[PDB]
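Enquirer:
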Amino acid sequence: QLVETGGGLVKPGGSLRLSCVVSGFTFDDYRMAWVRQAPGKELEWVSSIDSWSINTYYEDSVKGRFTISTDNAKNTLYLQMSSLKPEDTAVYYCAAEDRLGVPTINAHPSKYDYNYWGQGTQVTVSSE
Amino acid sequence: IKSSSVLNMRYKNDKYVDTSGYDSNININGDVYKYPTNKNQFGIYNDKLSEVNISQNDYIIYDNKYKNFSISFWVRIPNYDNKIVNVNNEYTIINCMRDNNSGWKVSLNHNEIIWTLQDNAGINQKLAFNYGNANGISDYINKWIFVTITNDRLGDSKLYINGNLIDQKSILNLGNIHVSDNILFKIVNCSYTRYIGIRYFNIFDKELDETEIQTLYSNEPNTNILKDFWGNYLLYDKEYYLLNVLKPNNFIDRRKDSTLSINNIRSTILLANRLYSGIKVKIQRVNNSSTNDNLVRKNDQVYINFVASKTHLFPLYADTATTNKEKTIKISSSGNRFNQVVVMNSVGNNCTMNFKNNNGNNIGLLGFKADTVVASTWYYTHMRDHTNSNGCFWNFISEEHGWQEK
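First to last, the protein sequences are chains V and H.
With the first sequence counted from 1, adding 4 to any position gets you my numbering.
With the second sequence counted from 1, adding 104 to any position gets you my numbering.
Written out as structure tokens, the structure reads:
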């Protein structure tokens, strides 16, 4: 049961904290990821985190502004988004990949690139 | 090794002979099964007359108190029901003991291999290996197990299984040991009807080194030919279930969009994973031209076909029509090979399958990503020292009579 929350409307420069509650597996056996989907575009991978080794992975157009995190209990995944730009207006999905698989990361992933996908939370960067 | 060898049982011209140079006479009595793909390994039964008797040379008949010596072989012990064999009863398979029960003996119990050594007086010493029931995937049941026994008369007697030391007991309290003139391979006093596989029986006149045992464990089977799940030779045109060694509790199933899934957990009988689950595959030679036998060797150019029915086979290919780095494995319902081939290779008992284009370009080793069996080149640079390295190693399970699951 992957559920995301924390998305909404913000002005250019605002901040958000997306959270993703996980039921059924721990982050020790799975690598977590955030993937974005623009309305007229395909799926775009945002970030990824490993909990066994705290090595994190970010996309070039997003690094520095986004920070991916994991709680000590390994059940909740976090994505702290700061200094948001209007290009970040998208649906953000929580994703879980089996760590034992091929650890390649695709910038435009399909549905088979992760084991479980979430329900998606909407993030909108607009004035009015 | 070969220098210290005094008995080497090998196959030649429809019989078994001694290739050590001491010219010991080996005879077959009754119905002894010979594996057609490897005639050096034989099977003995207990419901009919089935035995193999080695009349040793008078030089090598052990009759000393201080001479070290070693015994090596491989044994295959099926556990048909995992219920018919659940009987606490020791039964002998190899008997080099005299009338006064002086000598040595290799016997079996329920998931147990027993070595016994006795002198002329009657003082005995026993070593044992109990591998127990299967907890997931068993590396010993119905598989070829390498057994080595070293005997230092001024020290310990040691038992090695697959090259690893497991049980050592001192034999300093044993005197003169006069073994039998004959080495009898026969199942006696067994509570149930069964058969036992034996291969590569060797007798050495010294205590074998650990590195010597490892060389014997690595080179006695042909290192050029691939192995199946049980340890036999991998065969062409033979149906096999698939097993990924990194996810041994999972099996491969077929999807409706021709892809292959791995999120299928194996069912359990008690604590043993079900082996006969999932899709079935067949290996086919690309360039046949009647190239000798049906054995799959290293660096071979093959096709991997998926078995839909007994008559219908469909080639497996790597879908390169995607932007992903890893290429998902799909089933070609039309029969088109998509101009691809598969190269077989192996590390030990584990097999690797490199999907390649016909132009010589690499597509990748067969592994898995998330939910789907894929072909990926990442395994090229991470064959070791990574938690995901074993994802490209596969075992081929053949449905046989020795392993029954219903």
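Positions of the beta carbon are idealized from the N, C-alpha and C atoms, including for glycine.
Name the chain V residues that come within less than 9 angstroms of H:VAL478, Cβ to Cβ?
Expert: Position 374 of the second sequence, counted from the start, is the residue given in the question as residue 478 of chain H. Per Cβ cutoff of 9 angstroms: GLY105, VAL106, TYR116.
Enquirer: Looking only at its chain, what residues have a beta carbon closer than 7 angstroms to the beta carbon of H:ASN461, apart from the 5 residues adjacent to it on each side?
Expert: The residue you call residue 461 of chain H lines up with position 357 of the second sequence. If we look at H:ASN461 and ignore the five residues flanking it on each side, its Cβ neighbours are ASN443, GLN444, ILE467.
Enquirer: I'd like the ranges of any alpha helix (DSSP H) spanning at least 4 consecutive residues and lying wholly in the segment 289–358 of chain H.
Expert: Runs found: 314–323.
Enquirer: I'd like to know whether the C-beta of V:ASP64 is nearer than 7 angstroms to at least one C-beta of chain H.
Expert: Stepping through the first sequence from its first residue, residue 64 of chain V is reached at position 60. Chain H contact via Cβ: absent.
Enquirer: Which partner residues does H:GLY134 have in the DSSP bridge list?
Expert: Taking the first residue of the second sequence as position 1, residue 134 of chain H is located at position 30. Answer is H:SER154.
Enquirer: What residues of chain V sit near H:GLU430, judged by a beta carbon separation below 7 angstroms?
Expert: Numbered from its first residue, the second sequence carries residue 430 of chain H at position 326. The contacting residues are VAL106, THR108.
Enquirer: Please list the partners that V:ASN119 has in chain C, where partner means a Cβ-to-Cβ separation under 9 angstroms.
Expert: Annotation note: the requested chain C is absent from the structure, which comprises protein chains V and H.
Enquirer: Could you give the residue range of the beta strand (DSSP E) that holds H:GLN444?
Expert: As a position in the second sequence, residue 444 of chain H is number 340, starting the count at 1. Residues 444–451.
Enquirer: Looking at C-beta atoms only, is the number of pairs between the segment 313–322 of chain H and the segment 355–375 of chain H that lie closer than 8 angstroms three or more?
Expert: In short, these stretches do not touch, since the Cβ pair count stays below three.
Enquirer: What are the start and end residues of the beta strand (DSSP E) that includes residue 575 of chain H?
Expert: With chain H running from 105 to 510 in the structure shown, residue 575 of chain H is simply not present.
Enquirer: Mind checking who H:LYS384 pairs with in its DSSP beta bridge?
Expert: Here residue 384 of chain H corresponds to residue number 280 of the second sequence, with the count starting at 1. Answer is H:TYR345, bridged to H:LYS384.
Enquirer: Measuring only the C-alpha atoms, how far is H:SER108 from H:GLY134?
Expert: Stepping through the second sequence from its first residue, residue 108 of chain H is reached at position 4. Stepping through the second sequence from its first residue, residue 134 of chain H is reached at position 30. Each residue's alpha carbon lies about 32 angstroms from the other.
Enquirer: May I ask you to list the residues that DSSP assigns as paired with H:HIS486?
Expert: The residue you call residue 486 of chain H lines up with position 382 of the second sequence. Answer by DSSP bridge pairing: none, since H:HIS486 is not bridged.
Enquirer: Out of curiosity, what's the CA-to-CA distance linking H:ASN409 and H:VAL477?
Expert: Stepping through the second sequence from its first residue, residue 409 of chain H is reached at position 305. Stepping through the second sequence from its first residue, residue 477 of chain H is reached at position 373. About 15 angstroms.
Enquirer: Please look up how many angstroms separate the CB atoms of V:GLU8 and V:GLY122, rounded, as I've assumed it's under 8 angstroms.
Expert: Within the first sequence, residue 8 of chain V is the residue found at index 4, counting from 1. Within the first sequence, residue 122 of chain V is the residue found at index 118, counting from 1. About 5 angstroms; that satisfies the 8 angstroms criterion.
Enquirer: Is it buried or exposed, residue 514 of chain H, if we count other Cβ atoms within 10 angstroms and call 16 or more buried?
Expert: Nothing can be reported for residue 514 of chain H, as the shown portion of chain H is limited to 105 through 510.
Enquirer: List the whole-angstrom C-beta distance separating V:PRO107 from H:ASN492, where the pair is believed to meet the contact cut-off of C-beta under 8 angstroms.
Expert: As a first step, residue 107 of chain V must be located in the first sequence, where it is residue number 103. As a first step, residue 492 of chain H must be located in the second sequence, where it is residue number 388. Contact flag correct, Cβ pair sits at about 6 angstroms.
Enquirer: Confirm, please, whether the CB-CB distance from V:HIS112 to H:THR427 is below 7 angstroms.
Expert: Walking along the second sequence from the start, residue 427 of chain H turns up at place 323. Walking along the first sequence from the start, residue 112 of chain V turns up at place 108. In this structure, V:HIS112 lies closer than 7 angstroms to H:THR427 by Cβ.
Enquirer: Check each residue of the segment 76–105 of chain V: if its Cβ is closer than 8 angstroms to any Cβ of chain H, include it; give the result in chain order.
Expert: Residues passing the 8 angstroms Cβ filter: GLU101, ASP102, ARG103, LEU104, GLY105.
Enquirer: For my contact list, H:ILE291 and H:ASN192 are in at a C-beta cut-off of 8 angstroms; report their separation, rounded to the angstrom.
Expert: Here residue 291 of chain H refers to the residue found at position 187 when the second sequence is read from its first residue. Here residue 192 of chain H refers to the residue found at position 88 when the second sequence is read from its first residue. Actually they do not touch by this definition, with Cβ atoms about 17 angstroms apart.
Enquirer: Does the segment 369–377 of chain H come into contact with the segment 499–508 of chain H, if we say contact requires no fewer than three beta-carbon pairs (one atom in each stretch) closer than 8 angstroms?
Expert: Flag = no, the segment 369–377 of chain H and the segment 499–508 of chain H do not touch.
Enquirer: Please give the ranges of any beta strand (DSSP E) in the segment 228–284 of chain H, keeping only runs that are unbroken, at least 3 residues long and fully inside the region.
Expert: Fully enclosed beta strand (DSSP E) runs of 3 or longer: 228–234, 248–255, 260–265, 268–274.
Enquirer: Check whether the segment 92–102 of chain V and the segment 39–57 of chain V touch, using three or more Cβ-Cβ pairs below 8 angstroms as the test.
Expert: Judged by Cβ distances under 8 angstroms, the segment 92–102 of chain V makes contact with the segment 39–57 of chain V, as three or more pairs qualify.
Enquirer: Mind listing the chain V neighbours of H:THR491? Cutoff is C-beta to C-beta under 9 angstroms, in chain order.
Expert: As a first step, residue 491 of chain H must be located in the second sequence, where it is residue number 387. Ordered by position in chain V, the residues that pass the 9 angstroms Cβ test against H:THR491 are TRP56, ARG103, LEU104.
Enquirer: With distance defined between alpha-carbon atoms, name the residue in V:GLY12, V:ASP54, V:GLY17, V:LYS15 nearest to V:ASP102.
Expert: Taking the first sequence and counting its residues from 1, one reaches residue 102 of chain V at position 98. Measuring from the Cα of V:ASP102, the nearest candidate turns out to be V:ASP54.
Enquirer: Using a Cβ-Cβ distance under 7 angstroms, would H:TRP482 count as near chain V?
Expert: Locating residue 482 of chain H in the second sequence gives position 378, where the first residue counts as 1. True, the Cβ-Cβ gap to chain V drops below 7 angstroms.
Enquirer: Helix, strand or coil for V:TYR116? Go by DSSP, reduced to three states.
Expert: For the purposes of this step, residue 116 of chain V is identified with residue 112 of the first sequence, where counting begins at 1. Three-state result, V:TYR116: helix.
Enquirer: If you drop the 5 nearest sequence neighbours on each side, which residues of the same chain put their C-beta closer than 8 angstroms to that of V:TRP56?
Expert: Taking the first residue of the first sequence as position 1, residue 56 of chain V is located at position 52. Hits under 8 angstroms: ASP32, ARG103.
Enquirer: If we ignore side chains and look at the alpha-carbon of each, how far apart do H:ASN392 and H:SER381 end up?
Expert: In the second sequence, the residue the question calls residue 392 of chain H occupies position 288. In the second sequence, the residue the question calls residue 381 of chain H occupies position 277. If I take the Cα positions, the gap works out to 30 angstroms.
Enquirer: Under a CB-based cut-off of 7 angstroms, is H:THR427 close to chain V?
Expert: Indexing the second sequence from 1 puts residue 427 of chain H at position 323. Yes, its Cβ sits closer than 7 angstroms to a Cβ of chain V.
Enquirer: Return no unless some Cβ of chain V is closer than 7 angstroms to the Cβ of H:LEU350.
Expert: Position 246 of the second sequence, counted from the start, is the residue given in the question as residue 350 of chain H. Closer than 7 angstroms to some Cβ of chain V, the Cβ of H:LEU350 qualifies, so yes.
Enquirer: I want to see whether chain V comes within less than 7 angstroms of H:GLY240, judged by CB atoms only; does it?
Expert: Along the second sequence, one-based indexing puts residue 240 of chain H at 136. Chain V contact via Cβ: absent.
Enquirer: With the cut-off set at 7 angstroms, would you say H:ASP309 and H:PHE177 are in Cβ contact?
Expert: Residue 309 of chain H sits at position 205 when you count from the first residue of the second sequence. Residue 177 of chain H sits at position 73 when you count from the first residue of the second sequence. No; because the gap between Cβ atoms is not below 7 angstroms, this pair is not in contact.
Enquirer: Helix, strand or coil for H:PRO419 per DSSP?
Expert: Here residue 419 of chain H is taken as the residue at index 315 of the second sequence, counted from 1. Strand.
Enquirer: Can you give me the C-alpha to C-alpha distance between H:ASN326 and H:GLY452, rounded to a whole angstrom?
Expert: Translated into the one-based positions of the second sequence, residue 326 of chain H becomes position 222. Translated into the one-based positions of the second sequence, residue 452 of chain H becomes position 348. Whole-angstrom Cα-Cα distance: 10 angstroms.
Enquirer: On the three-state DSSP scale, how would you describe H:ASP167?
Expert: Locating residue 167 of chain H in the second sequence gives position 63, where the first residue counts as 1. Strand, per DSSP.
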